[PDB]
4 protein chains.
Amino acid sequence: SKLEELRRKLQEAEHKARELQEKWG
Amino acid sequence: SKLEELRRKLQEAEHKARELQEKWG
Amino acid sequence: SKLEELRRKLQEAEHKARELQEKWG
Amino acid sequence: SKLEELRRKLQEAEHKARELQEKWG
């Protein structure tokens, strides 16, 4: 469970990085 | 706040990693 | 370029977390 | 070691995100 939660938070962070790059890359 | 949201999610992931270390070392 | 480097670091961490979960599964 | 490596990658990504946030300030 905890590792699954870690991976979900990390995927959400990567999605925000993708969105940052869409706007500012 | 995209970058702020990214950092918040990343902190949450790191906290889950520390919770795993509390159990498994 | 620093936005790509940040995204790719998060992706590297995703790789490590997936591999850890594969060993746990 | 593998959990410590994962936690380290997350800390490295936070270091990059903080650096980005400081430049964007």
# chains A, B, ... in the order shown; residues from 1 in each chain; ligands from 1
$ calpha_fit_rmsd --fixed "chain D" --moving "chain A"
0.7 Å
$ closest_atom_pairs --of "chain A" --to "segment 6-25 of chain C" --cutoff "8 Å" --atoms "only C-alpha atoms" --output "JSON lines"
{"residue": "A:3", "atom": "CA", "partner": "C:21", "partner_atom": "CA", "distance": 7.1}
{"residue": "A:7", "atom": "CA", "partner": "C:17", "partner_atom": "CA", "distance": 6.5}
{"residue": "A:10", "atom": "CA", "partner": "C:14", "partner_atom": "CA", "distance": 6.7}
{"residue": "A:11", "atom": "CA", "partner": "C:14", "partner_atom": "CA", "distance": 7.2}
{"residue": "A:13", "atom": "CA", "partner": "C:10", "partner_atom": "CA", "distance": 7.5}
{"residue": "A:14", "atom": "CA", "partner": "C:10", "partner_atom": "CA", "distance": 5.8}
{"residue": "A:17", "atom": "CA", "partner": "C:7", "partner_atom": "CA", "distance": 5.4}
{"residue": "A:18", "atom": "CA", "partner": "C:7", "partner_atom": "CA", "distance": 6.8}
$ decode --residues "segment 1-21 of chain D" --atoms "N, CA, C and O atoms" --output "mmCIF file, in the first residue's frame"
data_model
loop_
_atom_site.group_PDB
_atom_site.id
_atom_site.type_symbol
_atom_site.label_atom_id
_atom_site.label_comp_id
_atom_site.auth_asym_id
_atom_site.auth_seq_id
_atom_site.Cartn_x
_atom_site.Cartn_y
_atom_site.Cartn_z
ATOM 1 N N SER D 1 19.391 -0.575 0.876
ATOM 2 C CA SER D 1 20.029 0.224 -0.178
ATOM 3 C C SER D 1 19.086 0.683 -1.286
ATOM 4 O O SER D 1 19.165 1.826 -1.739
ATOM 5 N N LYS D 2 18.206 -0.205 -1.742
ATOM 6 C CA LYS D 2 17.342 0.159 -2.863
ATOM 7 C C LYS D 2 16.310 1.197 -2.448
ATOM 8 O O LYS D 2 15.976 2.099 -3.236
ATOM 9 N N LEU D 3 15.760 1.068 -1.231
ATOM 10 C CA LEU D 3 14.848 2.094 -0.728
ATOM 11 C C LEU D 3 15.583 3.409 -0.474
ATOM 12 O O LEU D 3 15.048 4.488 -0.765
ATOM 13 N N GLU D 4 16.813 3.342 0.047
ATOM 14 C CA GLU D 4 17.603 4.559 0.233
ATOM 15 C C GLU D 4 17.905 5.226 -1.106
ATOM 16 O O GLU D 4 17.846 6.459 -1.219
ATOM 17 N N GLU D 5 18.200 4.429 -2.144
ATOM 18 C CA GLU D 5 18.422 4.988 -3.477
ATOM 19 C C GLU D 5 17.181 5.698 -3.994
ATOM 20 O O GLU D 5 17.267 6.792 -4.562
ATOM 21 N N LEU D 6 16.021 5.059 -3.851
ATOM 22 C CA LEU D 6 14.780 5.694 -4.276
ATOM 23 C C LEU D 6 14.552 6.997 -3.525
ATOM 24 O O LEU D 6 14.236 8.033 -4.132
ATOM 25 N N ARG D 7 14.711 6.971 -2.198
ATOM 26 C CA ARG D 7 14.515 8.204 -1.445
ATOM 27 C C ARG D 7 15.490 9.274 -1.918
ATOM 28 O O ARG D 7 15.119 10.451 -2.012
ATOM 29 N N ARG D 8 16.726 8.874 -2.249
ATOM 30 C CA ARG D 8 17.719 9.828 -2.740
ATOM 31 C C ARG D 8 17.305 10.447 -4.068
ATOM 32 O O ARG D 8 17.480 11.654 -4.274
ATOM 33 N N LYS D 9 16.766 9.635 -4.997
ATOM 34 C CA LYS D 9 16.331 10.177 -6.285
ATOM 35 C C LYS D 9 15.226 11.202 -6.078
ATOM 36 O O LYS D 9 15.153 12.213 -6.784
ATOM 37 N N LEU D 10 14.333 10.936 -5.125
ATOM 38 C CA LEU D 10 13.282 11.899 -4.821
ATOM 39 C C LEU D 10 13.869 13.182 -4.255
ATOM 40 O O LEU D 10 13.380 14.275 -4.562
ATOM 41 N N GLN D 11 14.911 13.063 -3.421
ATOM 42 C CA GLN D 11 15.553 14.250 -2.857
ATOM 43 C C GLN D 11 16.284 15.035 -3.940
ATOM 44 O O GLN D 11 16.261 16.276 -3.936
ATOM 45 N N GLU D 12 16.911 14.327 -4.887
ATOM 46 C CA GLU D 12 17.573 14.985 -6.015
ATOM 47 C C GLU D 12 16.573 15.748 -6.883
ATOM 48 O O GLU D 12 16.860 16.850 -7.363
ATOM 49 N N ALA D 13 15.389 15.177 -7.100
ATOM 50 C CA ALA D 13 14.370 15.885 -7.871
ATOM 51 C C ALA D 13 13.871 17.115 -7.132
ATOM 52 O O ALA D 13 13.589 18.147 -7.749
ATOM 53 N N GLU D 14 13.735 17.020 -5.809
ATOM 54 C CA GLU D 14 13.388 18.213 -5.040
ATOM 55 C C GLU D 14 14.482 19.266 -5.129
ATOM 56 O O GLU D 14 14.189 20.465 -5.206
ATOM 57 N N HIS D 15 15.748 18.855 -5.159
ATOM 58 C CA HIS D 15 16.806 19.855 -5.281
ATOM 59 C C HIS D 15 16.699 20.600 -6.607
ATOM 60 O O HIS D 15 16.848 21.825 -6.648
ATOM 61 N N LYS D 16 16.400 19.878 -7.691
ATOM 62 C CA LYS D 16 16.225 20.519 -8.991
ATOM 63 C C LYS D 16 14.995 21.422 -9.002
ATOM 64 O O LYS D 16 15.023 22.512 -9.585
ATOM 65 N N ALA D 17 13.900 20.987 -8.370
ATOM 66 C CA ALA D 17 12.685 21.795 -8.393
ATOM 67 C C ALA D 17 12.855 23.061 -7.568
ATOM 68 O O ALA D 17 12.357 24.122 -7.952
ATOM 69 N N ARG D 18 13.545 22.961 -6.427
ATOM 70 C CA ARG D 18 13.841 24.150 -5.628
ATOM 71 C C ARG D 18 14.742 25.119 -6.387
ATOM 72 O O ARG D 18 14.520 26.336 -6.352
ATOM 73 N N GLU D 19 15.774 24.601 -7.060
ATOM 74 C CA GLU D 19 16.642 25.448 -7.878
ATOM 75 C C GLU D 19 15.839 26.173 -8.953
ATOM 76 O O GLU D 19 16.018 27.375 -9.188
ATOM 77 N N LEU D 20 14.954 25.449 -9.630
ATOM 78 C CA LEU D 20 14.099 26.080 -10.627
ATOM 79 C C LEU D 20 13.248 27.174 -9.996
ATOM 80 O O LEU D 20 13.118 28.271 -10.550
ATOM 81 N N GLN D 21 12.650 26.880 -8.842
ATOM 82 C CA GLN D 21 11.793 27.857 -8.179
ATOM 83 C C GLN D 21 12.583 29.099 -7.785
ATOM 84 O O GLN D 21 12.073 30.223 -7.882
#
